[PDB]
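Enquirer: Have a look at the structure that comes next, please.
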Amino acid sequence: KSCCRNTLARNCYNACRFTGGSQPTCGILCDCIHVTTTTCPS
Ligand SMILES: [Cl-]
Ligand SMILES: [Cl-]
Ligand SMILES: [Cl-]
Ligand code: NA
Ligand code: NA
Ligand code: NA
């Protein structure tokens, strides 16, 4: 349920997940967060 600060960080996150990274890992490595709601903070 991912949320990233910009598109460079977004690509970071998707590639991280695809090559085996857990949610918390990918959030840490790509400066992203996970929410239980339908939208992210600006
Ligand atoms: Cl996970
Ligand atoms: Cl991991
Ligand atoms: Cl997280
Ligand atoms: Na993964
Ligand atoms: Na984990
Ligand atoms: Na982790």
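Within each chain, counting starts at residue 1; across the structure tokens, chains are named A, B, ... in the order shown, with ligands numbered 1 upward in that order.
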Check which residues fall inside 8 Å of ligand 6 when counting only C-alpha atoms and all ligand atoms, and print them as a PyMOL selection string.

Expert: chain A and resi 22-28

Enquirer: Just the selected residues (N, CA, C and O atoms), exported as a PDB file, in the first residue's frame, please.

Expert:
```pdb
ATOM      1  N   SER A  22      11.202  -6.805   0.840  1.00  0.00           N
ATOM      2  CA  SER A  22      10.017  -6.667   1.679  1.00  0.00           C
ATOM      3  C   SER A  22       9.522  -5.235   1.696  1.00  0.00           C
ATOM      4  O   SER A  22      10.238  -4.318   1.292  1.00  0.00           O
ATOM      5  N   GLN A  23       8.290  -5.035   2.147  1.00  0.00           N
ATOM      6  CA  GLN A  23       7.739  -3.688   2.218  1.00  0.00           C
ATOM      7  C   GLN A  23       8.602  -2.774   3.101  1.00  0.00           C
ATOM      8  O   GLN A  23       9.002  -1.689   2.661  1.00  0.00           O
ATOM      9  N   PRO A  24       8.912  -3.205   4.336  1.00  0.00           N
ATOM     10  CA  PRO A  24       9.708  -2.292   5.156  1.00  0.00           C
ATOM     11  C   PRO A  24      11.099  -1.981   4.571  1.00  0.00           C
ATOM     12  O   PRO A  24      11.541  -0.834   4.629  1.00  0.00           O
ATOM     13  N   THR A  25      11.750  -2.978   3.976  1.00  0.00           N
ATOM     14  CA  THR A  25      13.059  -2.779   3.300  1.00  0.00           C
ATOM     15  C   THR A  25      12.957  -1.761   2.205  1.00  0.00           C
ATOM     16  O   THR A  25      13.721  -0.759   2.156  1.00  0.00           O
ATOM     17  N   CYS A  26      11.985  -1.963   1.329  1.00  0.00           N
ATOM     18  CA  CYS A  26      11.854  -1.061   0.186  1.00  0.00           C
ATOM     19  C   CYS A  26      11.474   0.351   0.623  1.00  0.00           C
ATOM     20  O   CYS A  26      11.884   1.348   0.008  1.00  0.00           O
ATOM     21  N   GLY A  27      10.701   0.448   1.701  1.00  0.00           N
ATOM     22  CA  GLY A  27      10.377   1.750   2.261  1.00  0.00           C
ATOM     23  C   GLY A  27      11.613   2.441   2.791  1.00  0.00           C
ATOM     24  O   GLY A  27      11.767   3.648   2.633  1.00  0.00           O
ATOM     25  N   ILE A  28      12.486   1.668   3.429  1.00  0.00           N
ATOM     26  CA  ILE A  28      13.715   2.190   4.017  1.00  0.00           C
ATOM     27  C   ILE A  28      14.701   2.607   2.938  1.00  0.00           C
ATOM     28  O   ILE A  28      15.249   3.713   2.985  1.00  0.00           O
TER      29      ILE A  28
END
```

Enquirer: Tell me, as an MDAnalysis selection string, which residues lie within 12 Å of residue 10 (chain A), counting only C-alpha atoms; anything in the same chain fewer than 6 positions away does not count.

Expert: chainID A and resid 2:4 16:17 26:27 29:33

Enquirer: Quick one: write out the picked residues with N, CA, C and O atoms as a PDB file, in the first residue's frame?

Expert:
```pdb
ATOM      1  N   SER A   2       1.795   1.272  -0.979  1.00  0.00           N
ATOM      2  CA  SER A   2       2.997   2.102  -0.918  1.00  0.00           C
ATOM      3  C   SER A   2       2.777   3.564  -1.291  1.00  0.00           C
ATOM      4  O   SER A   2       1.884   3.888  -2.070  1.00  0.00           O
ATOM      5  N   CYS A   3       3.628   4.426  -0.734  1.00  0.00           N
ATOM      6  CA  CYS A   3       3.593   5.865  -0.975  1.00  0.00           C
ATOM      7  C   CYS A   3       5.013   6.425  -0.976  1.00  0.00           C
ATOM      8  O   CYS A   3       5.721   6.299   0.026  1.00  0.00           O
ATOM      9  N   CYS A   4       5.422   7.046  -2.083  1.00  0.00           N
ATOM     10  CA  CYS A   4       6.785   7.581  -2.226  1.00  0.00           C
ATOM     11  C   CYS A   4       6.795   9.086  -2.486  1.00  0.00           C
ATOM     12  O   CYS A   4       5.826   9.653  -2.994  1.00  0.00           O
ATOM     13  N   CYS A  16      12.854  -2.507  -6.309  1.00  0.00           N
ATOM     14  CA  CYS A  16      13.182  -3.131  -5.037  1.00  0.00           C
ATOM     15  C   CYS A  16      12.221  -4.278  -4.741  1.00  0.00           C
ATOM     16  O   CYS A  16      12.646  -5.391  -4.417  1.00  0.00           O
ATOM     17  N   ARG A  17      10.918  -4.012  -4.859  1.00  0.00           N
ATOM     18  CA  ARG A  17       9.921  -5.054  -4.583  1.00  0.00           C
ATOM     19  C   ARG A  17      10.028  -6.214  -5.560  1.00  0.00           C
ATOM     20  O   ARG A  17       9.976  -7.391  -5.160  1.00  0.00           O
ATOM     21  N   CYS A  26      11.985  -1.963   1.329  1.00  0.00           N
ATOM     22  CA  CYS A  26      11.854  -1.061   0.186  1.00  0.00           C
ATOM     23  C   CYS A  26      11.474   0.351   0.623  1.00  0.00           C
ATOM     24  O   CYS A  26      11.884   1.348   0.008  1.00  0.00           O
ATOM     25  N   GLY A  27      10.701   0.448   1.701  1.00  0.00           N
ATOM     26  CA  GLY A  27      10.377   1.750   2.261  1.00  0.00           C
ATOM     27  C   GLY A  27      11.613   2.441   2.791  1.00  0.00           C
ATOM     28  O   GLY A  27      11.767   3.648   2.633  1.00  0.00           O
ATOM     29  N   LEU A  29      14.912   1.727   1.964  1.00  0.00           N
ATOM     30  CA  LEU A  29      15.923   1.971   0.924  1.00  0.00           C
ATOM     31  C   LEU A  29      15.520   3.106  -0.014  1.00  0.00           C
ATOM     32  O   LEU A  29      16.376   3.880  -0.468  1.00  0.00           O
ATOM     33  N   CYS A  30      14.223   3.221  -0.291  1.00  0.00           N
ATOM     34  CA  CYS A  30      13.735   4.188  -1.284  1.00  0.00           C
ATOM     35  C   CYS A  30      13.075   5.426  -0.684  1.00  0.00           C
ATOM     36  O   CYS A  30      12.486   6.233  -1.412  1.00  0.00           O
ATOM     37  N   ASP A  31      13.205   5.604   0.630  1.00  0.00           N
ATOM     38  CA  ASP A  31      12.506   6.675   1.340  1.00  0.00           C
ATOM     39  C   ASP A  31      10.997   6.650   0.973  1.00  0.00           C
ATOM     40  O   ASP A  31      10.466   7.610   0.422  1.00  0.00           O
ATOM     41  N   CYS A  32      10.329   5.521   1.231  1.00  0.00           N
ATOM     42  CA  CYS A  32       8.862   5.420   1.036  1.00  0.00           C
ATOM     43  C   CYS A  32       8.172   4.883   2.289  1.00  0.00           C
ATOM     44  O   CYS A  32       8.830   4.378   3.207  1.00  0.00           O
ATOM     45  N   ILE A  33       6.840   4.985   2.303  1.00  0.00           N
ATOM     46  CA  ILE A  33       6.021   4.596   3.457  1.00  0.00           C
ATOM     47  C   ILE A  33       4.811   3.762   3.035  1.00  0.00           C
ATOM     48  O   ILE A  33       4.474   3.698   1.852  1.00  0.00           O
TER      49      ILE A  33
END
```

Enquirer: Among chain A, which ones does DSSP assign to strand (DSSP E) (computed from the backbone)? Answer as a list in words.

Expert: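 Reading the DSSP output for chain A, strand (DSSP E) covers residues 2, 3, 4, 32, 33 and 34 of chain A.
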
Enquirer: Would you output that residue set with N, CA and C atoms, as a tab-separated table (two decimals), in the first residue's frame?

Expert:
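Output below, filename out-v4.tsv:
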```
chain	number	residue	atom	x	y	z
A	2	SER	N	1.79	1.27	-0.98
A	2	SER	CA	3.00	2.10	-0.92
A	2	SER	C	2.78	3.56	-1.29
A	3	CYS	N	3.63	4.43	-0.73
A	3	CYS	CA	3.59	5.86	-0.97
A	3	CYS	C	5.01	6.43	-0.98
A	4	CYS	N	5.42	7.05	-2.08
A	4	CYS	CA	6.78	7.58	-2.23
A	4	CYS	C	6.79	9.09	-2.49
A	32	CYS	N	10.33	5.52	1.23
A	32	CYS	CA	8.86	5.42	1.04
A	32	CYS	C	8.17	4.88	2.29
A	33	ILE	N	6.84	4.99	2.30
A	33	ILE	CA	6.02	4.60	3.46
A	33	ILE	C	4.81	3.76	3.04
A	34	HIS	N	4.16	3.13	4.01
A	34	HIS	CA	2.99	2.29	3.77
A	34	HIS	C	1.83	2.71	4.64
```

Enquirer: Could you tell me how far CA of residue 39 (chain A) lies from CA of residue 5 (chain A), in Å and to one decimal?

Expert: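 Computed distance, CA of residue 39 (chain A) to CA of residue 5 (chain A), equals 12.8 Å.
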
Enquirer: Could you check how far CA of residue 42 (chain A) sits from atom 1 (Cl, counted along the ligand's line) of ligand 2, in Å to one decimal?

Expert: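 CA of residue 42 (chain A) sits 26.2 Å away from atom 1 (Cl, counted along the ligand's line) of ligand 2.
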
Enquirer: Considering only C-alpha atoms and all ligand atoms, can you say which of A:40, A:12, A:19, A:35 comes closest to ligand 2?

Expert: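 Of the candidates, the smallest distance to ligand 2 is held by A:19.
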
Enquirer: At what distance in Å, to one decimal, does CA of residue 37 (chain A) lie from CA of residue 21 (chain A)?

Expert: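 One can read the CA of residue 21 (chain A) to CA of residue 37 (chain A) distance as 21.8 Å.
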